[PDB]
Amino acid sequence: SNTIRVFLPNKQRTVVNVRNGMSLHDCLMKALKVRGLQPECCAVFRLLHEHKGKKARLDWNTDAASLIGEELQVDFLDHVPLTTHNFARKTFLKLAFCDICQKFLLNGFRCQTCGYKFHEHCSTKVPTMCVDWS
């Protein structure tokens, strides 16, 4: 009951139990890291169901119990170089290696933004977020 429902980047969500004393950061670090999201590339918001604005930013160290029963959203900070991969069938004439398992890669898949090259049976090991400083 002492819980908070938090909408997360890329249309994910979590419910966290709020142990007394914890900050929003302490409550949400794992759920973000386990999704490959760096908490430093993120802001936490209080959803405003009664405003011109949809949400107002909160401090990360805000004590979480202060918001039991509210609905929170975490978003990427403005313009962070994280995105979703964009995969494509690719066939490698030249000897190439899988970035996941370093075995030979003959017939695989590559992201067209970051370049990760992999075997199908290795795809679940490709990091969730595409990193782009191009």
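Between two forms, the rigid core is defined as the largest C-alpha subset superposing within 1.5 Å. Start at 1 and count along the sequence shown; that's the residue number.
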In terms of RMS C-alpha distance in 6 other deposited structures of this protein following rigid core superposition, 24 to 32 and 86 to 94 differ, and the farther one is 86 to 94
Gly69 dropped in a third or more of the other entries:
no
At least a third of the other compared entries leaving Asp78 unmodelled, is that the case?
no
Using only the Cα atoms and their B-factors as the entry lists them, report which of 88 to 96 and 34 to 42 averages higher.
88 to 96
Please work out which of 71 to 79 and 104 to 112 has the higher mean CA B-factor as recorded in the PDB entry.
104 to 112
Quick check for you: using the entry's CA B-factors within this chain, is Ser1 in the lowest, middle or highest third?
highest
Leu47, C-alpha B-factor rank within chain (lowest, middle or highest third)
highest
Among the modelled residues of its chain, does the C-alpha B-factor of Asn10 lie in the lowest, middle or highest third?
lowest
Name the third of the chain's ranked CA B-factors that contains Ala56, choosing lowest, middle or highest.
middle
